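Here is what each chain is made of, one letter per residue.
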Amino acid sequence: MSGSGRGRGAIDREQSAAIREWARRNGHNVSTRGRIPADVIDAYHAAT
């Protein structure tokens, strides 16, 4: 129950999942749109 691992960063997992987690870590509400907003995706690839 303590730690799920994840030694690797970058896009090791699904892009959508990665962007959603990034969104959540930054406080972007990606859930209600049922899709990831391109704006968040752009910001994602710009920050990360």
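Preceding block: the structure.
Residues numbered from 1 in each chain as written, not as in the entry; some residues may be left out. Heavy atoms only, no water.

Novice: It is not clear to me how the overall build of the protein chain should be interpreted in this structure. Could you clarify?
Specialist: In terms of helices and strands, the protein chain carries 2 helices and 0 strands. Considered along the principal axes of its C-alpha atoms, the protein chain spans approximately 30 × 20 × 15 Å. Among the 48 residues that make up the protein chain, the fraction classed as buried is 17%. Counting only carbon and sulfur atoms, one obtains 43% of the accessible surface of the protein chain, whose full area is about 4,200 Å². One way to put it: in the protein chain the 8 positive side-chain charges average out to a point 5 Å from where the 5 negative ones average out. (Helix = DSSP H or I, 4+ residues; strand = E, 2+ residues; numbered from the N terminus. Buried < 20%, exposed > 50% of the residue type's maximum accessible area, 1.4 Å probe, protein only. Areas by Shrake-Rupley, 256 points an atom, 1.4 Å probe, with all protein chains shown as cover. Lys, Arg positive; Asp, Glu negative; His and termini not counted. Charge placed at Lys NZ, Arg CZ, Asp CG, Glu CD.)

Novice: Just to check I follow, could you spell out the packing of aromatic side chains for this structure?
Specialist: The geometry of an aromatic ring pair is captured by the separation of the ring centres together with the interplanar angle, meaning the angle of the planes. The tally for this structure, following the rule as stated, stands at 1 aromatic pair. Each ring, one from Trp22 and one from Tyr44, has its centre 5.7 Å from the other, and the planes form 85°; the classification is edge-to-face. Residue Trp22 is found in helix α1 (residues 15-26), and its partner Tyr44 is found in helix α2 (residues 38-47); the two are separated by 22 residues along the sequence. For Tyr44, a relative accessible area of 5% puts it in the buried group. (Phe/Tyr/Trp six-rings, centres within 6.5 Å; stacked < 30°, edge-to-face > 60°.)

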